[PDB]
Each structure stands twice: as structure tokens, then as C-alpha cells.
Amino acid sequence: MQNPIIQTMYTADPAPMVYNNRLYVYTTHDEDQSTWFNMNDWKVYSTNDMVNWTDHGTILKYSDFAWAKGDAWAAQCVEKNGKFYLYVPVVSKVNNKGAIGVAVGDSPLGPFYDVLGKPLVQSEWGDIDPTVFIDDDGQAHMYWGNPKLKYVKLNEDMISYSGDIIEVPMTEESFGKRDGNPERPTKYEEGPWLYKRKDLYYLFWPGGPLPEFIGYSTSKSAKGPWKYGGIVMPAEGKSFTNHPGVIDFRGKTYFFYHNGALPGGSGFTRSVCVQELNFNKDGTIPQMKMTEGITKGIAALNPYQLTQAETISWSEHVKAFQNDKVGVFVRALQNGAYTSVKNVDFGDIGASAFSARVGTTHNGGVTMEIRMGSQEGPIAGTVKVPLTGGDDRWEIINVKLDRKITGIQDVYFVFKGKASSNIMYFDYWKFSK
């Protein structure tokens, strides 16, 4: 399928960003086997085609802020003049309560560094979930907060504010009515996201009472006042939280969210999803359910280039890792695990050779099958994966294919071996004419 878009790790709280005709999504990371929020670092993924997502690994950690105690929660990255500002909530060590920090990088992949050495903003309590938006006039605005929605106008430097922290009036006209809660007069729960289309500003937000849904408000200007719009997406699935990120890419609008749809998924082991966001003619948004996502890619993938093992459309029983020597790589966790890429254009001439960086800890009996169409589709080639000792050691295997491959294909790599776990590790692949 196409949702969740990442299956190699538990991801949540998606925050998209476009730079130079590429779509990135920054995410939080739920540790495996969590029964509570175990969130320590932030990830970024990217796509050129909306069906294949490249895993770029960790780009920031809570410990990159020397004053942070933990809790790497929902963040957002925005770009301006080739610099990338990543706004993050963390619990501070100084007073043991939430705060918003900011790191800055010169690429979407970083490296990102704490430029303040202290919080950008810390209130009385409830300093989580920042969203930042740069308007057409160049003015930058930040909203955040749980339980209270707060607002500040950011300076041009993007790393300070002047003025006060504005507590947005929690009105039933602005955010709807919840009943039976005085800490929470409205449906607003947390996680604001500020977006613009035509002449209208949108504030998307998780709403309560739990399990969370996604609601929205509208306004004529970025600073409010806000107008309740309705429910964008009702509560659904195994994750009691949902968290929105909305963005335009190549003339369409996309709605990122998360759920608990992976094996072992839950409210503490979530997974990021995406589907198209459709507007009515007046600019309102119809209620939508969780769908299977993007069914058709908007561009082809070139198989005659180095393509990462961690550029994945759909997979099962594969996890992602990284190290300093090769970067991000994937490991097959059991026999018959697979990765797939969609909309691969082998062209008219066709591919006759194939190369891959691979390895295994097992002595014999490890293969990777290149198949077309599905995990049981026709076999184009089989790679014998050599013993390397561990994922710090790798070999490149070049094979001639049983038959030249042409045209548009979906390519499946199936990993086979005699062991019960850790069948092999896979870094990148390529085809040759």
C-alpha cells in the first residue's frame, strides 16, 4: 500500500517542508517496544515522486541541546534564504519543564546546531508542539502549546522574538466546544499547524477529548482571529494521538498525519501517513477518513543511478539503521522480508546488469531476489550475499540478469536466508544497461 509511508521505524508528528523541488518530512521517532513516550531524536525523509520515500536518518537529537533532559517531541523545520530553522520542544534540565529550542542548519539534512544554548521560549507550563510560518510579507509567526495555545511574532533572525507571549483566547467560536473540562474549554488539544491557501489562513490542530481527531480553524490574517472550520479527520485506528502537517507540492496539497497501523503499532509506536487534501470551492475542507494514500507517482525513479536501500515505497519485516561508514542502511529481520520501489523507468533500451552493497552474518544460504510487480512476481535476478561478519563490513555484488528489463516497473527486493532473525543488510543498489 502507500500508508504508512515509513515502515522501517516508528515515526510520528510529521512536519513537511519543500526545498528546491524536493519534499521533505521531519518526524519524531518512537523507540521500538515503547509502552510510554520514548522519543529521543528527530528524523527527516524525502521524496521526488510521492510514492518512494528516502530515509535520511537522524538529523538532530535531544542531547544536541546541552540543556535538554529528554522528550524530543513534535518539531518543524522552515527554510529562509538557504538556511533551515528547526524548532523543537524538549524538557529543560534547568527547571524540569517543557521549552522550545531552535537549531539551524545549512542543508535540509543539517548538520543542525543549537544556536542559543538555552530555550527560544519557555512559558509557565505547556511549551510543546511549535509551528512556524513565514508570510508573503516576510514576517514569521510561531504558534504552540498544550493545553493553552500561545503565539509570538518572530524577529527576522528567526531565533528570537520581541513583544510578549500572547495567549490566544480559547473561544468556542475559534475552536469549537468540548464538554466537561475546565482546563480545556474548546476542542483544541495541542499541535497547531499554520498554513495558507489563496487568501485564507488555516490552523490545523489535534482535538480532544481523546482519542484525538484533527480539526481546523480559518482566519484572514496569520495572527487571527480564528474561526472554527470543523473536523478534518475523525479519530480512527490504534493511535490515540494524531498530528497534522499540511503543505503544497507541485500544485497539490498534502495532509501528513500518523496512526498505529504498523505491526506492533500503538499510541506509543506510531507511523507517519500522507494523503491528498481536497478543498471545497469556498475554501472549506470536507471531513475525510484515512485512505491508502497516493496511488500514482508524480515522477519516475531512475534505476540507472545509485538508489538507496532506504528509499522505500512499501516493505515488510525490514528495519532501518545507520552508521558513520555507509550512512543509512536496512536490515531484513526474517526470511521473505522485502522492500519495494514504485514507478521505476527502465526505459526502452533496458537493464542487463545489477549492482548492490550488501552483507550478512550467516555462512551460506543468503540470497536477495530482484522481482517485478509484487513480492511473488517474476524473478529478474538473484544476488548471493557474502558473509561479511557484521554491518560494519560490506561487499558489492555485480550480477548479470536473466533477462533485460524495460519500461515502467515496480521493483521488489526479497531477502532470503536460513536464520530466524537478521537475514542480511542492504545499503544501495543500481542497474546498468
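Note that residue numbering follows the sequence shown and begins at 1.
Asks: I need to verify one thing: averaged over C-alpha atoms only, is the B-factor higher for 249 to 257 or for 286 to 294?
Replies: It is 286 to 294.
Asks: So 401 to 409 or 65 to 73, which one's hotter by mean CA B-factor in the entry?
Replies: So the stretch with the higher mean C-alpha B-factor is 401 to 409.
Asks: For the listed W205, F268, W226, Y113, which has the peak Cα B-factor recorded in the PDB entry?
Replies: Highest C-alpha B-factor among the listed residues goes to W226.
Asks: Out of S315, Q334, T307, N96, which residue has the highest Cα temperature factor in the PDB record?
Replies: By C-alpha B-factor in the record, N96 ranks first.
Asks: With respect to C-alpha B-factor, does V18 fall in the lowest, middle or highest third of the chain as deposited?
Replies: It falls in the middle third of the chain.
Asks: Quick one: classify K342 as lowest, middle or highest third of the chain based on its Cα B-factor.
Replies: It belongs to the highest third of the chain when residues are ordered by C-alpha B-factor.
Asks: Quick check on the deposited entry: does the C-alpha B-factor of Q322 sit in the lowest, middle or highest third of its chain?
Replies: Its C-alpha B-factor belongs to the lowest third of this chain's values.
Asks: Would you check the entry's CA temperature factor for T367 and let me know if it's in the chain's lowest, middle or highest third?
Replies: For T367, whose C-alpha B-factor we compare with every modelled residue in the chain, the answer is the middle third.
Asks: Among the modelled residues of its chain, does the C-alpha B-factor of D30 lie in the lowest, middle or highest third?
Replies: According to the entry, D30 has a C-alpha B-factor in the chain's middle third.
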